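Peer 1: Questions regarding the structure given below will be posed in turn.
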Amino acid sequence: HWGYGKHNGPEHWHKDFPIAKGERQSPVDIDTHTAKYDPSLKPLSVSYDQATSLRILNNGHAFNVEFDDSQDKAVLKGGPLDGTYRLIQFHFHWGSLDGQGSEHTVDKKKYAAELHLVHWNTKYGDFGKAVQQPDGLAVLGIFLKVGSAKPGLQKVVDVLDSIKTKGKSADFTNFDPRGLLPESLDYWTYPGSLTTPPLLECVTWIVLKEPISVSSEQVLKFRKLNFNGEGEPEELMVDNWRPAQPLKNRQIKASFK
Ligand SMILES: NS(=O)(=O)c1ccc(Nc2nc(Cl)nc(NCCO)n2)cc1
Ligand SMILES: [Zn+2]
């Protein structure tokens with residue numbers, strides 16, 4: 001099965017998922033000087049006030065904080081998007097060291113981690129149908145750098161002990177994802193893909209320019225998770241990121257000058 005090791009990592013994925021070498025793969029390097037300001041891009045609308053978190057799951061690749069997406073309770077609209085996209089889950093990708101971990105890079109700079117808030121286009125009815133569409137998903141990407149703690153992340157950090165291994169889940173209600181956002185919603189946007197198998201080309205990427213700061217202690221707790229299941233040899237869940245893929249025939253647009 002695919003993963004992030006030497007023998008099943010990103011350079012191997014194309015064998016089971018040929019779209020890995022496709023025309024709109026993610027992540028990518030964001031070359032800030034080549035991105036073009038698009039004055040027609042609208043401000044992002046992040047409406048998370050009625051978000052209902054339910055559960056947190058270690059899926060063997062990352063951990064997902066899952067939301068009730070059976071109504072318009074937490075939605076992303078505006079920006080480059082047409083219509084309404086519902087929040088279904090967020091997760092992170094992170095490194096074994098603070099100098100790596102993000103999937104997108106900015107002028108080749110790697111951040112310590114990257115948060116993905118995953119949303120699906122309500123015109124397609126559910127996530128499974130949405131991922132089959134070129135405009136099916138909108139993923140809001142937020143970089144993490146190590147410095148001051150992010151207070152709104154701490155409730156996530158403190159439950160990780162209870163989902164150490166693959167397949168473990170825990171109740172995770174009343175978590176407010178607004179506490180994970182930076183001050184500014186300035187963003188870059190481009191058409192891309194899921195960054196893990198099945199690597200489907202269904203995502204409008206919206207990557208915020210402003211990173212959030214998390215503490216060394218907070219990211220160290222991410223690195224104590226396991227890729228393996230309980231009772232299997234311990235393999236730390238670190239470096240669960242795909243590297244930058246070729247931009248090919250795409251332009252990255254900026255919402256800001
Ligand atoms: N890293 S990412 O591109 O944001 C991303 C987002 C979602 C998924 N996949 C996903 N996301 C959800 Cl909410 N459900 C399922 N069901 C399939 C489970 O195998 N798969 C993969 C990568
Ligand atoms: Zn992701």
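For the structure tokens, the naming scheme is as follows: chains receive sequential letters (A, B, ...) according to their order of presentation, residues are indexed from 1 within each chain, and ligands are indexed from 1 in presentation order.
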Could you list, as a PyMOL selection string, all the residues within 12 Å of ligand 2, counting only C-alpha atoms and all ligand atoms?

Peer 2: chain A and resi 26-27+61-65+89-94+101-104+113-119+138-143+193-197+199+203+205+207+240-243

Peer 1: Near residue A:214, within 6 Å and counting only C-alpha atoms, which residues show up once chain neighbours fewer than 5 positions away are dropped, as a short mmCIF file (atom, residue, chain, number, x, y, z; two decimals) with N, CA, C and O atoms, in the first residue's frame?

Peer 2:
data_model
loop_
_atom_site.label_atom_id
_atom_site.label_comp_id
_atom_site.auth_asym_id
_atom_site.auth_seq_id
_atom_site.Cartn_x
_atom_site.Cartn_y
_atom_site.Cartn_z
N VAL A 146 7.31 27.43 13.23
CA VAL A 146 7.54 27.21 14.65
C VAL A 146 8.00 28.51 15.32
O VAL A 146 8.97 29.16 14.90
N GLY A 147 7.27 28.89 16.37
CA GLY A 147 7.60 30.06 17.17
C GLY A 147 6.70 30.07 18.39
O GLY A 147 6.79 29.18 19.25
N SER A 148 5.84 31.08 18.48
CA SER A 148 4.84 31.15 19.55
C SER A 148 3.79 30.07 19.38
O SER A 148 3.51 29.66 18.26
N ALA A 149 3.18 29.63 20.49
CA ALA A 149 2.10 28.66 20.41
C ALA A 149 0.86 29.24 19.76
O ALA A 149 0.60 30.44 19.85
N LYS A 150 0.09 28.37 19.10
CA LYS A 150 -1.23 28.72 18.61
C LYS A 150 -2.25 28.20 19.62
O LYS A 150 -2.49 27.01 19.74
#

Peer 1: Considering only C-alpha atoms, can you say which of A:18, A:179, A:198, A:5 comes closest to residue A:128?

Peer 2: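 Under the stated criterion, the closest residue is A:198.
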
Peer 1: In terms of the shortest atom-to-atom distance over only C-alpha atoms and all ligand atoms, which of A:190, A:127, A:172, A:111 is closest to ligand 1?

Peer 2: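 Using only C-alpha atoms and all ligand atoms, the shortest distance to ligand 1 belongs to A:127.
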
Peer 1: List as a ChimeraX atom specification the protein and nucleic acid residues near residue A:105, meaning an atom at most 8 Å away when only C-alpha atoms are counted, but skip any in the same chain fewer than 2 places from it.

Peer 2: /A:28-30,102-103,107-111,244

Peer 1: Let's have the selection written as a short mmCIF file (atom, residue, chain, number, x, y, z; two decimals), in the first residue's frame, with C-alpha atoms.

Peer 2:
data_model
loop_
_atom_site.label_atom_id
_atom_site.label_comp_id
_atom_site.auth_asym_id
_atom_site.auth_seq_id
_atom_site.Cartn_x
_atom_site.Cartn_y
_atom_site.Cartn_z
CA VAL A 28 3.45 23.10 -6.29
CA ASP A 29 6.08 25.72 -5.58
CA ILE A 30 4.55 29.18 -5.41
CA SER A 102 4.85 21.63 4.11
CA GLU A 103 3.59 20.41 0.74
CA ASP A 107 9.96 30.56 -3.43
CA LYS A 108 11.21 27.05 -2.61
CA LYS A 109 10.87 27.67 1.15
CA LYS A 110 9.47 24.74 3.10
CA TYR A 111 7.45 25.42 6.26
CA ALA A 244 6.28 20.05 -5.21
#

Peer 1: At a cut-off of 8 Å, using only C-alpha atoms, what residues contact residue A:42? Leave out same-chain residues fewer than 6 positions from it and give the result as a PyMOL selection string.

Peer 2: chain A and resi 78-80+255

Peer 1: Identify which of the residues A:67, A:222, A:85, A:13 lies closest to ligand 1, counting only C-alpha atoms and all ligand atoms when measuring atom-to-atom distances.

Peer 2: A:67

Peer 1: Could you give me, as a PDB file with N, CA, C and O atoms, in the first residue's frame, the residues within 12 Å of residue A:16, counting only C-alpha atoms and dropping anything in the same chain fewer than 4 positions from it?

Peer 2:
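Output saved as selection-v3.pdb:
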ATOM      1  N   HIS A   1       0.844  -1.191   0.000  1.00  0.00           N
ATOM      2  CA  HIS A   1       0.000   0.000   0.000  1.00  0.00           C
ATOM      3  C   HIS A   1       0.884   1.246   0.000  1.00  0.00           C
ATOM      4  O   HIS A   1       2.038   1.214   0.437  1.00  0.00           O
ATOM      5  N   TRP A   2       0.335   2.351  -0.480  1.00  0.00           N
ATOM      6  CA  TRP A   2       1.100   3.596  -0.590  1.00  0.00           C
ATOM      7  C   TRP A   2       1.348   4.209   0.777  1.00  0.00           C
ATOM      8  O   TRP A   2       0.589   3.995   1.741  1.00  0.00           O
ATOM      9  N   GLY A   3       2.395   5.013   0.848  1.00  0.00           N
ATOM     10  CA  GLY A   3       2.716   5.711   2.073  1.00  0.00           C
ATOM     11  C   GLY A   3       3.775   6.754   1.813  1.00  0.00           C
ATOM     12  O   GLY A   3       3.822   7.348   0.744  1.00  0.00           O
ATOM     13  N   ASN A   8       7.467   2.940  -0.659  1.00  0.00           N
ATOM     14  CA  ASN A   8       6.082   3.181  -1.067  1.00  0.00           C
ATOM     15  C   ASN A   8       5.718   4.672  -1.127  1.00  0.00           C
ATOM     16  O   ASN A   8       4.538   5.011  -1.186  1.00  0.00           O
ATOM     17  N   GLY A   9       6.732   5.527  -1.157  1.00  0.00           N
ATOM     18  CA  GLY A   9       6.554   6.967  -1.081  1.00  0.00           C
ATOM     19  C   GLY A   9       6.159   7.607  -2.398  1.00  0.00           C
ATOM     20  O   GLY A   9       5.901   6.927  -3.390  1.00  0.00           O
ATOM     21  N   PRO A  10       6.109   8.945  -2.418  1.00  0.00           N
ATOM     22  CA  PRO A  10       5.630   9.698  -3.577  1.00  0.00           C
ATOM     23  C   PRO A  10       6.223   9.326  -4.928  1.00  0.00           C
ATOM     24  O   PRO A  10       5.504   9.417  -5.926  1.00  0.00           O
ATOM     25  N   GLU A  11       7.482   8.894  -4.992  1.00  0.00           N
ATOM     26  CA  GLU A  11       8.071   8.523  -6.274  1.00  0.00           C
ATOM     27  C   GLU A  11       7.517   7.194  -6.810  1.00  0.00           C
ATOM     28  O   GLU A  11       7.755   6.849  -7.976  1.00  0.00           O
ATOM     29  N   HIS A  12       6.781   6.453  -5.979  1.00  0.00           N
ATOM     30  CA  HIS A  12       6.212   5.171  -6.369  1.00  0.00           C
ATOM     31  C   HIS A  12       4.734   5.271  -6.726  1.00  0.00           C
ATOM     32  O   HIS A  12       4.170   4.360  -7.327  1.00  0.00           O
ATOM     33  N   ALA A  20      -0.707  10.563 -11.108  1.00  0.00           N
ATOM     34  CA  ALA A  20       0.397  11.203 -10.380  1.00  0.00           C
ATOM     35  C   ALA A  20       1.284  12.047 -11.288  1.00  0.00           C
ATOM     36  O   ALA A  20       1.965  12.961 -10.813  1.00  0.00           O
ATOM     37  N   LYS A  21       1.324  11.706 -12.576  1.00  0.00           N
ATOM     38  CA  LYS A  21       2.135  12.423 -13.574  1.00  0.00           C
ATOM     39  C   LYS A  21       1.241  13.289 -14.482  1.00  0.00           C
ATOM     40  O   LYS A  21       1.602  13.622 -15.614  1.00  0.00           O
ATOM     41  N   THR A 196      -2.579  13.319  -1.946  1.00  0.00           N
ATOM     42  CA  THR A 196      -2.380  11.892  -1.651  1.00  0.00           C
ATOM     43  C   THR A 196      -3.198  11.098  -2.649  1.00  0.00           C
ATOM     44  O   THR A 196      -4.154  11.595  -3.235  1.00  0.00           O
ATOM     45  N   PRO A 197      -2.844   9.823  -2.838  1.00  0.00           N
ATOM     46  CA  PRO A 197      -3.755   8.993  -3.602  1.00  0.00           C
ATOM     47  C   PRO A 197      -5.197   9.161  -3.111  1.00  0.00           C
ATOM     48  O   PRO A 197      -5.437   9.306  -1.907  1.00  0.00           O
ATOM     49  N   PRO A 198      -6.164   9.151  -4.028  1.00  0.00           N
ATOM     50  CA  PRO A 198      -6.050   8.857  -5.466  1.00  0.00           C
ATOM     51  C   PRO A 198      -5.567   9.993  -6.388  1.00  0.00           C
ATOM     52  O   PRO A 198      -5.633   9.855  -7.613  1.00  0.00           O
ATOM     53  N   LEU A 199      -5.143  11.127  -5.809  1.00  0.00           N
ATOM     54  CA  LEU A 199      -4.484  12.190  -6.565  1.00  0.00           C
ATOM     55  C   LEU A 199      -5.399  12.838  -7.622  1.00  0.00           C
ATOM     56  O   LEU A 199      -4.944  13.389  -8.631  1.00  0.00           O
TER      57      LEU A 199
END

Peer 1: Which residue gives the smallest distance to ligand 1 among A:201, A:176, A:135, A:171, with only C-alpha atoms and all ligand atoms counted?

Peer 2: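 Distance minimum relative to ligand 1 lands on A:201.
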
Peer 1: Might you pull out every residue within 6 Å of residue A:53, with only C-alpha atoms counted and same-chain residues fewer than 5 positions away left off, and present them as a short mmCIF file (atom, residue, chain, number, x, y, z; two decimals) with N, CA and C atoms, in the first residue's frame?

Peer 2:
data_model
loop_
_atom_site.label_atom_id
_atom_site.label_comp_id
_atom_site.auth_asym_id
_atom_site.auth_seq_id
_atom_site.Cartn_x
_atom_site.Cartn_y
_atom_site.Cartn_z
N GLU A 66 -12.97 15.72 11.75
CA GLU A 66 -14.11 15.56 10.85
C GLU A 66 -15.27 16.41 11.34
N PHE A 67 -16.05 16.90 10.38
CA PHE A 67 -17.19 17.78 10.63
C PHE A 67 -18.49 17.22 10.09
N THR A 173 -15.82 16.87 19.71
CA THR A 173 -16.91 17.82 19.48
C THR A 173 -16.53 19.24 19.95
N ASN A 174 -17.26 20.20 19.40
CA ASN A 174 -17.18 21.60 19.79
C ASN A 174 -15.83 22.24 19.55
N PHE A 175 -15.11 21.77 18.54
CA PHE A 175 -13.86 22.39 18.18
C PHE A 175 -14.11 23.47 17.14
#

Peer 1: From the list A:229, A:99, A:83, A:60, which residue is nearest ligand 1 when using only C-alpha atoms and all ligand atoms?

Peer 2: A:60

Peer 1: Have a look at A:184, A:162, A:228, A:189 and name the one nearest to residue A:35; count only C-alpha atoms.

Peer 2: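 When distances to residue A:35 are compared using only C-alpha atoms, the smallest one comes from A:189.
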
Peer 1: One decimal, in Å: what's the spacing between atom 17 (C, counted along the ligand's line) of ligand 1 and atom CA of residue A:51?

Peer 2: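 Interatomic distance here is 21.2 Å.
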
Peer 1: Could you tell me how far atom CA of residue A:34 lies from atom CA of residue A:256, in Å and to one decimal?

Peer 2: 13.2 Å

Peer 1: So which bits of stretch 14-159 of chain A end up strand (DSSP E or B) when you DSSP the backbone, as a PyMOL selection string?

Peer 2: chain A and resi 29-30+36-37+44-47+53-58+63-67+75-78+85-94+105-106+109+113-121+137-146

Peer 1: With C-alpha atoms retained, export the selected residues as an mmCIF file, in the first residue's frame.

Peer 2:
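So the final result, stored in part-v1.cif, reads:
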data_model
loop_
_atom_site.group_PDB
_atom_site.id
_atom_site.type_symbol
_atom_site.label_atom_id
_atom_site.label_comp_id
_atom_site.auth_asym_id
_atom_site.auth_seq_id
_atom_site.Cartn_x
_atom_site.Cartn_y
_atom_site.Cartn_z
ATOM 1 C CA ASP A 29 6.084 25.719 -5.576
ATOM 2 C CA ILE A 30 4.545 29.180 -5.409
ATOM 3 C CA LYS A 36 -0.068 37.478 -10.974
ATOM 4 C CA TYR A 37 -2.329 39.717 -9.003
ATOM 5 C CA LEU A 44 -12.550 34.829 0.623
ATOM 6 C CA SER A 45 -15.646 34.192 2.725
ATOM 7 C CA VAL A 46 -14.958 31.779 5.588
ATOM 8 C CA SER A 47 -18.143 31.118 7.524
ATOM 9 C CA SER A 53 -16.780 18.984 14.681
ATOM 10 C CA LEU A 54 -17.486 15.336 15.482
ATOM 11 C CA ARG A 55 -14.464 13.089 15.643
ATOM 12 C CA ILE A 56 -10.724 12.905 15.176
ATOM 13 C CA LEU A 57 -9.216 9.942 13.316
ATOM 14 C CA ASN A 58 -5.680 8.622 12.749
ATOM 15 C CA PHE A 63 -5.101 12.706 11.436
ATOM 16 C CA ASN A 64 -8.428 14.157 10.339
ATOM 17 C CA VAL A 65 -10.723 16.346 12.386
ATOM 18 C CA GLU A 66 -14.112 15.564 10.855
ATOM 19 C CA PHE A 67 -17.187 17.780 10.632
ATOM 20 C CA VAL A 75 -18.727 26.867 4.373
ATOM 21 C CA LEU A 76 -16.183 28.506 2.163
ATOM 22 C CA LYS A 77 -17.375 30.864 -0.585
ATOM 23 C CA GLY A 78 -16.029 33.780 -2.597
ATOM 24 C CA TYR A 85 -18.221 24.562 -0.484
ATOM 25 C CA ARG A 86 -18.847 22.676 2.768
ATOM 26 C CA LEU A 87 -16.136 21.859 5.291
ATOM 27 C CA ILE A 88 -15.780 18.091 5.720
ATOM 28 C CA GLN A 89 -12.433 17.710 7.527
ATOM 29 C CA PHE A 90 -9.086 19.267 8.221
ATOM 30 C CA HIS A 91 -5.701 17.662 8.624
ATOM 31 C CA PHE A 92 -2.028 18.545 8.523
ATOM 32 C CA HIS A 93 1.180 17.461 6.858
ATOM 33 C CA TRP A 94 4.427 17.868 8.824
ATOM 34 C CA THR A 105 6.527 25.832 -0.908
ATOM 35 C CA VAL A 106 6.962 29.593 -1.307
ATOM 36 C CA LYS A 109 10.871 27.669 1.154
ATOM 37 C CA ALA A 113 3.822 21.966 8.478
ATOM 38 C CA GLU A 114 0.735 22.714 6.417
ATOM 39 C CA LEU A 115 -2.932 22.693 7.417
ATOM 40 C CA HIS A 116 -5.546 21.671 4.850
ATOM 41 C CA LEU A 117 -9.195 22.574 5.419
ATOM 42 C CA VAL A 118 -11.070 20.400 2.938
ATOM 43 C CA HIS A 119 -14.390 21.507 1.432
ATOM 44 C CA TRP A 120 -16.679 20.058 -1.250
ATOM 45 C CA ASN A 121 -18.922 21.817 -3.757
ATOM 46 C CA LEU A 137 -13.231 20.535 -3.919
ATOM 47 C CA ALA A 138 -11.751 23.652 -2.421
ATOM 48 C CA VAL A 139 -8.835 23.125 -0.060
ATOM 49 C CA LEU A 140 -7.726 26.049 2.115
ATOM 50 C CA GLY A 141 -4.020 25.631 2.838
ATOM 51 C CA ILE A 142 -2.307 27.394 5.737
ATOM 52 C CA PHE A 143 1.396 27.222 6.504
ATOM 53 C CA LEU A 144 2.728 26.576 10.002
ATOM 54 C CA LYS A 145 6.015 27.963 11.280
ATOM 55 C CA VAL A 146 7.536 27.209 14.646
#

Peer 1: Would you work out the distance separating atom CA of residue A:200 from atom CA of residue A:247, expressed in Å to one decimal?

Peer 2: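 Straight-line distance from atom CA of residue A:200 to atom CA of residue A:247 works out to 15.7 Å.
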